[PDB]
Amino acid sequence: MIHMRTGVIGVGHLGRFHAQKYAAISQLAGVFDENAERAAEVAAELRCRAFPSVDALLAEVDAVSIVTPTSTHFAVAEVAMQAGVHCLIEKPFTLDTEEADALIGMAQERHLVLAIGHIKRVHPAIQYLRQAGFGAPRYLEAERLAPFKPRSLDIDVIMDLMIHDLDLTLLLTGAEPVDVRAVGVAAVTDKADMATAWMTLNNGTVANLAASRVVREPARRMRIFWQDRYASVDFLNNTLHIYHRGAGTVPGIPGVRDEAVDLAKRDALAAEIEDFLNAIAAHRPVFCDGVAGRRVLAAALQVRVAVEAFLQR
């Protein structure tokens, strides 16, 4: 438990979970939401305050999570940083890279920790693969497929789904995109319901990333290819398999050993929030800062522009 005054700005569906975590691991002053009823129920459930304004929240805390709609991230984070308050912003960072540039600048001027909520970085399989030190993968192939739900029309297939694997790509490789091509399929509306991007980075890595909001059953998978290894990750079922050239148990693939990696299930959002607060308190680097958030944001905008161009021809 960290000794820190914390708050959440925006306590809808996911903001409430942020608030639960902060209440468990820090001194949660309370919450603010534009819908007063909703803040009031969140505060009643967590036994914190429901604040009458964002400013009165900010007066009583050192750090906040910002879990408001993406188009509001800039204005809210601007107010929060003007008050010298550190910020964990839910992904995606902002709507465009100029807002992200401005908040990075204001954060540096204020000597504030700026973290973006890119939860997939703290997934147990990704942590294990980073600690294995395999180097930059040469090829990544990923699928993020979500069933159509009443709210799916507000799911941006690139900015809300694919951005996870775009970010993972940029992190595991440490490289920058040189070429982005993409296709999209729009069934319900003019907006893509599924998209697939083919990204070439400046170290020669290729990422082949699919996302959909209209599938039957969920699917969250990533296959990763190095020169001497193959990693298969089921994010949903929390499983990891690593193949190397070996001693013969794998059917249909000769001369390879499949190592089933024993992954522990942990609370990802609790992990991300503890990391944010430790970064403030120890001055150590946070799991995903503003710079990385903007990197993936620029890539995702490239993908989306390509997708909308495909769909419009």
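Just count from 1 along the sequence shown to find any residue number.
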*Per the PDB record, is the mean Cα temperature factor higher over 109-117 or over 239-247?*
239-247
*Higher-B stretch (mean Cα B-factor, as the entry records it), 211-219 or 120-128*: 211-219
*Can you pull the Cα B-factors for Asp62, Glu34, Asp275, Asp267 from the entry and say which is highest?*
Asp267
*Among the candidates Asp190, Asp165, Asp234, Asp154, give the one with the maximum CA B-factor reported in the record.*
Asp154
*Would you check the entry's CA temperature factor for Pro92 and let me know if it's in the chain's lowest, middle or highest third?*
lowest
*Within this chain, which third does the Cα B-factor at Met1 fall in: lowest, middle or highest?*
highest
_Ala19, C-alpha B-factor rank within chain (lowest, middle or highest third)_ = lowest
*Quick one: classify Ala306 as lowest, middle or highest third of the chain based on its Cα B-factor.*
lowest
*Name the third of the chain's ranked CA B-factors that contains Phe74, choosing lowest, middle or highest.*
lowest
